[PDB]
Structure formats: C-alpha cells, structure tokens
Amino acid sequence: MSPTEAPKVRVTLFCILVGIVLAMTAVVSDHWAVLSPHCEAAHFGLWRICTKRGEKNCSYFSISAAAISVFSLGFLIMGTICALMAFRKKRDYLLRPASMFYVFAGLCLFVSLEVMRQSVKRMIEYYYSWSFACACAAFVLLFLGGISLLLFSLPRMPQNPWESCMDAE
C-alpha cells in the first residue's frame with residue numbers, strides 16, 4: 001500500500017493518463033507541418049497527406065515515422081497492462097516494468113519527431129501548430145512521467161549504513 005497507494009505515485013500515474021491520450025492525439029491528427037509554396041498548402045502527418053486550397057484531398061504517399069510509431073503506441077498499450085494489473089492483488093514489483101515502457105513509449109515518439117522533421121526539411125516553408133507541440137508535450141510527459149514513476153517506485157537510496165535495497169517489507 002506504501003508504493004501503490006501513496007498520492008505521489010498516483011499524481012504521476014494520472015499524469016501518464018494525460019500523455020496516453022495526447023500521444024494518441026498526435027498519432028491520428030496530421031497537422032504538424034505546413035507546406036507553404038504560394039494554392040498547394042499541404043499538412044503532413046504519419047498516415048495521411050492532405051493539400052488544401054472545398055477541395056480537401058487527403059491521401060497517403062513518412063514510412064519511418066509511421067513504423068516507429070507503431071512501437072510508441074504498442075509499447076504504451078503493453079505498459080498499461082503491467083500498470084493496470086499492479087494496483088490489485090498486492091503486487092507493486094510489477095509496476096517497475098510499467099515505468100519502463102512509458103520511457104520507451106516516450107522515446108519512440110522522439111524518434112518519430114526526428115523522423116517527421118527530415119520529411120519537412122527535404123521538401124515552400126515549414127510551420128507546426130497542432131500536433132508537433134502536442135507530441136512534444138506527450139514526449140516530455142511520457143519520458144518524464146516514466147523516469148519519475150521509476151524513482152517513485154524503486155525503494156530509496158539507502159541513507160543509512162544498516163539499510164539495503166530490496167530490504168524486507
């Protein structure tokens with residue numbers, strides 16, 4: 001009850017509940033780039049590429065980011081299964097891996113972010129408004145709500161000569 005029902009571990013776990021959906025806001029919305037030739041204004045994403053002058057023509061062609069963000073979504077889903085099952089049956093050891101997959105799901109958007117930047121750099125201007133700063137707020141959420149959940153579930157630095165990690169109870 002001490003590492004799983006403390007409020008400092010549930011403020012963090014509710015914070016991941018924000019970043020679980022903001023990284024889902026990014027992975028469906030294709031709004032994190034603006035092609036601006038000057039009409040051929042196109043808005044890039046992972047899955048659909050839509051050129052807007054209504055003449056809303058959304059289609060596909062980017063593959064790297066898409067493939068990389070199967071792992072960012074999937075890892076998060078797997079992480080939840082460790083985290084949803086670690087609040088019951090008095091097991092708290094289980095949470096330790098749940099904090100691993102949220103760092104990974106954090107860092108598998110950050111490849112995605114870097115992968116999407118190259119596409120806009122190789123292809124007329126660039127501007128991101130709606131879903132780069134979404135995912136750069138779900139990167140920084142999942143990457144840092146994962147490391148803090150880790151240190152809020154690893155026991156403590158021992159602080160005394162007698163104490164040891166994995167110390168009884």
# chains A, B, ... in the order shown; residues from 1 in each chain; ligands from 1
>>> residues_around(residues="segment 3-19 of chain A", least_positions_apart="4", cutoff="10 Å", atoms="only C-alpha atoms", output="ChimeraX atom specification")
/A:23-25,76,80,83,86-88,90-93,95,99,102,106,134-135,137-146,148-155
>>> select_by_dssp(residues="chain A", states="strand (DSSP E or B)", output="short mmCIF file (atom, residue, chain, number, x, y, z; two decimals) with N, CA and C atoms, in the first residue's frame")
data_model
loop_
_atom_site.label_atom_id
_atom_site.label_comp_id
_atom_site.auth_asym_id
_atom_site.auth_seq_id
_atom_site.Cartn_x
_atom_site.Cartn_y
_atom_site.Cartn_z
N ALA A 41 -1.16 24.28 -50.37
CA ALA A 41 -0.78 24.21 -48.96
C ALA A 41 -1.12 22.84 -48.39
N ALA A 42 -0.09 22.08 -48.00
CA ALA A 42 -0.25 20.71 -47.56
C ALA A 42 0.15 20.57 -46.10
N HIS A 43 -0.55 19.67 -45.40
CA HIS A 43 -0.40 19.44 -43.97
C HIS A 43 0.03 18.00 -43.73
N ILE A 49 -1.70 12.64 -46.11
CA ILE A 49 -1.11 13.87 -46.61
C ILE A 49 -2.19 14.61 -47.38
N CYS A 50 -2.56 15.79 -46.90
CA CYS A 50 -3.74 16.47 -47.40
C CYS A 50 -3.35 17.88 -47.84
N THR A 51 -3.70 18.23 -49.08
CA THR A 51 -3.39 19.52 -49.68
C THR A 51 -4.68 20.32 -49.80
N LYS A 52 -4.71 21.47 -49.16
CA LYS A 52 -5.90 22.30 -49.04
C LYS A 52 -5.65 23.63 -49.75
N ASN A 57 -8.37 17.19 -50.30
CA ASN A 57 -7.86 15.96 -50.92
C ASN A 57 -6.86 15.31 -49.96
N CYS A 58 -7.32 14.38 -49.15
CA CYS A 58 -6.45 13.71 -48.20
C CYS A 58 -6.10 12.31 -48.71
N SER A 59 -4.80 11.99 -48.74
CA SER A 59 -4.33 10.71 -49.26
C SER A 59 -2.98 10.37 -48.62
#
>>> select_by_dssp(residues="segment 103-134 of chain A", states="helix (DSSP H, G or I)", output="PyMOL selection string")
chain A and resi 103-122+132-134
>>> write_last_selection(atoms="N, CA and C atoms", output="compact mmCIF listing (two decimals), in the first residue's frame")
# COMPACT_ATOMS: atom_id res chain seq x y z
N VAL A 103 8.88 5.09 -20.49
CA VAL A 103 10.05 5.76 -21.03
C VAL A 103 10.24 5.35 -22.48
N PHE A 104 10.06 4.08 -22.78
CA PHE A 104 10.25 3.70 -24.15
C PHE A 104 9.17 4.33 -25.01
N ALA A 105 7.92 4.28 -24.57
CA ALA A 105 6.92 4.94 -25.39
C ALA A 105 7.17 6.42 -25.48
N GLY A 106 7.97 6.97 -24.58
CA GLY A 106 8.32 8.36 -24.64
C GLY A 106 9.35 8.54 -25.73
N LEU A 107 10.36 7.70 -25.72
CA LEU A 107 11.47 7.81 -26.65
C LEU A 107 11.17 7.27 -28.03
N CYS A 108 10.09 6.52 -28.21
CA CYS A 108 9.71 6.13 -29.54
C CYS A 108 8.75 7.11 -30.19
N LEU A 109 8.39 8.20 -29.53
CA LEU A 109 7.87 9.36 -30.24
C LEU A 109 8.98 10.30 -30.65
N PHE A 110 10.03 10.39 -29.84
CA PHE A 110 11.15 11.27 -30.10
C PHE A 110 11.96 10.84 -31.31
N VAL A 111 11.98 9.55 -31.63
CA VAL A 111 12.46 9.17 -32.96
C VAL A 111 11.48 9.63 -34.01
N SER A 112 10.19 9.42 -33.74
CA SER A 112 9.14 9.81 -34.66
C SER A 112 9.21 11.31 -34.96
N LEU A 113 9.44 12.10 -33.91
CA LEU A 113 9.54 13.54 -34.05
C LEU A 113 10.70 13.91 -34.96
N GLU A 114 11.83 13.23 -34.77
CA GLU A 114 13.02 13.48 -35.58
C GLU A 114 12.82 12.97 -37.00
N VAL A 115 12.05 11.89 -37.14
CA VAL A 115 11.78 11.30 -38.45
C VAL A 115 10.86 12.18 -39.29
N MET A 116 9.94 12.88 -38.63
CA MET A 116 9.00 13.75 -39.32
C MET A 116 9.65 15.07 -39.73
N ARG A 117 10.67 15.48 -38.99
CA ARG A 117 11.37 16.73 -39.27
C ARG A 117 12.17 16.64 -40.57
N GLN A 118 12.72 15.46 -40.84
CA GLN A 118 13.51 15.25 -42.05
C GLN A 118 12.65 15.35 -43.30
N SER A 119 11.40 14.89 -43.20
CA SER A 119 10.48 14.93 -44.33
C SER A 119 10.15 16.36 -44.73
N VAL A 120 9.99 17.23 -43.74
CA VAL A 120 9.67 18.63 -44.00
C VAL A 120 10.92 19.42 -44.38
N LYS A 121 12.09 18.89 -43.99
CA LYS A 121 13.35 19.55 -44.29
C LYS A 121 13.82 19.25 -45.72
N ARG A 122 13.45 18.08 -46.22
CA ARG A 122 13.83 17.68 -47.58
C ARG A 122 12.86 18.23 -48.61
N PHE A 132 2.71 18.77 -33.55
CA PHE A 132 4.09 18.57 -33.16
C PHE A 132 4.26 18.97 -31.72
N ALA A 133 3.74 20.14 -31.36
CA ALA A 133 3.74 20.59 -29.98
C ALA A 133 2.75 19.83 -29.13
N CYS A 134 1.84 19.07 -29.74
CA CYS A 134 1.11 18.06 -28.98
C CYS A 134 2.03 16.92 -28.60
>>> atom_distance(atom1="atom CA of residue 31 of chain A", atom2="atom CA of residue 47 of chain A")
11.0 Å
>>> closest_residue(among="A:157, A:168, A:66, A:123", to="residue 30 of chain A", atoms="only C-alpha atoms")
A:66
>>> atom_distance(atom1="atom CA of residue 40 of chain A", atom2="atom CA of residue 56 of chain A")
11.2 Å
>>> closest_residue(among="A:73, A:125, A:61, A:130", to="residue 32 of chain A", atoms="only C-alpha atoms")
A:130
>>> residues_around(residues="residue 98 of chain A", least_positions_apart="2", cutoff="6 Å", atoms="only C-alpha atoms", output="list in words")
residues 79, 82, 83, 95, 96, 100 and 101 of chain A
>>> write_last_selection(atoms="N, CA and C atoms", output="CSV table (one decimal), in the first residue's frame")
chain,number,residue,atom,x,y,z
A,79,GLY,N,2.5,-1.4,-21.6
A,79,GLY,CA,2.8,-0.8,-20.3
A,79,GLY,C,1.6,-0.7,-19.4
A,82,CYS,N,0.7,-3.9,-17.6
A,82,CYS,CA,1.5,-4.1,-16.3
A,82,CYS,C,1.0,-3.1,-15.3
A,83,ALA,N,0.6,-1.9,-15.7
A,83,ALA,CA,0.2,-0.9,-14.7
A,83,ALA,C,-1.2,-1.1,-14.2
A,95,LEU,N,4.8,-2.9,-11.1
A,95,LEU,CA,4.8,-1.6,-11.6
A,95,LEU,C,6.2,-1.2,-12.2
A,96,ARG,N,7.3,-1.8,-11.7
A,96,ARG,CA,8.6,-1.4,-12.2
A,96,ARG,C,8.7,-1.5,-13.7
A,100,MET,N,9.0,1.2,-17.3
A,100,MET,CA,9.9,1.1,-18.3
A,100,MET,C,9.3,1.4,-19.7
A,101,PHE,N,8.1,0.9,-19.9
A,101,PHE,CA,7.5,1.0,-21.2
A,101,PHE,C,7.0,2.4,-21.4
